[PDB]
Protein chains: 2
Amino acid sequence: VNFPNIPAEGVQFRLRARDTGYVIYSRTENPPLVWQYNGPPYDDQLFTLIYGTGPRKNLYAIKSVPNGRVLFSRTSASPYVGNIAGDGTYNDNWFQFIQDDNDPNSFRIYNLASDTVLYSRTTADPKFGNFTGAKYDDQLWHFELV
Amino acid sequence: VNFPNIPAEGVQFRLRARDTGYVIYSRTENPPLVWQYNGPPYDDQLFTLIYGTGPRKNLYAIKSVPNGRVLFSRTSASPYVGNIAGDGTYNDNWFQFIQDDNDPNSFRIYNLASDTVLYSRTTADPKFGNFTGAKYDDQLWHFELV
């Protein structure tokens, strides 16, 4: 089931992990360009959505406020999760927000092209990344409206 | 996770529900044109897959062997599940096969456009249809190679 409360197009938000409480950032310099962060609010944590239409109905590109790059999630090369300029040029720039089966107030950030979800954890490296497999709690996110 | 054993293009199969054992048919006369059936093989139970590429990577259109129409699954109007000429002209003609998380040998037939899965049950009418919501065993299918 698609998450029922996806921010309207152009509304800003942070993406905060349910369990760790970390947020995603997306920046243009100093790898990793996309990673998780536990600390003060900064502009590189701010995103909006581009709403997919037609073939991309129910998919979205996740676009940085300060730098305009969109997220990608792939399994073919490193970095696995990163950013790229444009408005979603590539198929792995498009994400579905899938409500959790047990906690309807959180969702997975799912990539149809790569069949992966994003995760955030405090333990094993890489502590932020993507994953193809079973559903775990470290894959759960919230939109934090700004 | 995408079902790991999806038939190659051109390979013919039936879609049989794990629990009811009923098969999907897709025909051109006598509504419902797409429904489930409890008897022996007939040609209108035969399908192949059109492989999505680009924006439709990991999606498939389900194409009738005898009549060439593809399946659709929608929520807006009846019939909810039906068929239509083409090779997937419309967004609701495109399906993802999502492996079950507990039974690795079965999958859900998921429609990205309508956010539904197909079900087959032996209980109340409509005994065949689509659904947006929690996971039940009556949503599980097999590819039956011919």
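Residues numbered from 1 in each chain as written, not as in the entry; some residues may be left out. Chains lettered and ligands numbered in written order. Heavy atoms only, no water.

Its PDB header names X-ray crystallography as the technique used to obtain the model and reports a resolution of 1.279 Å.

Considerations on the overall build of chain A
If you tally the helices and strands in chain A, you get 0 helices and 12 strands. Taking 146 residues into account, the globule formula puts the C-alpha radius of gyration at 15 Å, and chain A, at 14 Å, falls close to it. Scored against the burial criterion, the 146 residues of chain A give a buried share of 49%. Taking all contacts inside chain A whose residues are at least 6 apart in sequence as the whole, residues at least 24 apart take part in 52%. Counting only carbon and sulfur atoms, one obtains 49% of the accessible surface of chain A, whose full area is about 6700 Å². (Helix = DSSP H or I, 4+ residues; strand = E, 2+ residues; numbered from the N terminus. Rg over C-alpha atoms; globule rule 2.2 N^0.38 Å. Buried < 20%, exposed > 50% of the residue type's maximum accessible area, 1.4 Å probe, protein only. Contact = heavy atoms within 4.5 Å. Areas by Shrake-Rupley, 256 points an atom, 1.4 Å probe, with all protein chains shown as cover.)

Concerning the relation of the copies chain B and chain A
When chain B is brought onto chain A, the operation consists of a screw motion whose angular component is 180° and whose axial shift is 0.2 Å, with 0.3 Å RMSD remaining. Taken together, the rotation and translation relating the two chain copies correspond to the operation of a two-fold axis. Looking at the rotation axis and the C-alpha trace of chain B, the residue lying nearest is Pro55 of chain B, at 3.3 Å. Of all interface residues in chain B, 100% are interface residues in chain A too; the two copies therefore contact each other through one and the same surface. (Least-squares fit on C-alpha atoms.)

Considering the side chain of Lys63 of chain B
All names here are of chain B. For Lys63, the location among the structural elements is in strand β5 (residues 60–64). A polar atom in the side chain of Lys63 sits 2.8 Å from the side chain of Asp87. Excluding anything up to four places from it in sequence, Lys63 contacts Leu46, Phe47, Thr48, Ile50, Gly68, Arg69, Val70, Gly86 and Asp87. (Polar contact = N/O pair within 3.5 Å; in protein donor to acceptor, adjacent residues only side chain to side chain.)

Examining the interface of chain B and chain A
Accessible area lost when the parts come together is the quantity often used to give the size of an interface. Chain B puts 18 residues into the contact, and the matching count from chain A is 19 residues. Of all residues in chain B, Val1, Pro55 and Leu112 of chain B bury the most surface against chain A, accounting for 31% of the area lost on that side. If you look at where chain B meets chain A, you find 1 salt bridge. Here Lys135 of chain B and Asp101 of chain A are joined by a salt bridge, their closest N and O atoms 2.8 Å apart. Put simply, chain B and chain A have 13 residue pairs in polar contact between them. Across the side of chain B that touches chain A, the residue classes break down as 6 nonpolar, 7 polar and 5 charged. (Buried area = accessible area lost by both parts, 1.4 Å probe. Salt bridge = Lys/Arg side-chain N within 4 Å of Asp/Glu carboxyl O. Nonpolar A, V, L, I, M, F, W, Y, C, P; charged D, E, K, R; others polar.)

Points about the pairing of strand β5 (residues 60–64) of chain A
The element β5 of chain A is extensively covered by neighbouring structure, given that 5 of its 5 residues are classed as buried. Alternating positions in β5 of chain A separate into two faces, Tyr60, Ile62 and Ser64 of chain A on one and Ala61 and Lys63 of chain A on the other, with burial throughout.

A short note on the environment of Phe95 of chain A
Summarising the element assignment, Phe95 of chain A is placed in strand β8 (residues 95–99). In sequence terms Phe95 of chain A and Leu59 of chain A are 36 residues apart; their C-alpha atoms lie 5.1 Å from each other.

Concerning the environment of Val117 of chain B
All names here are of chain B. Here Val117 is to be found in strand β10 (residues 116–120). Under the relative-accessibility criterion, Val117 is labelled buried at 11%. Residues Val117 and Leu140, spaced 23 residues apart in sequence, show a C-alpha to C-alpha distance of 9.2 Å. Apart from the residues lying within four places of it in its own chain, the contact partners of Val117 are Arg108, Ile109, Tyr110, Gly129, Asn130, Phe131 and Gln139.

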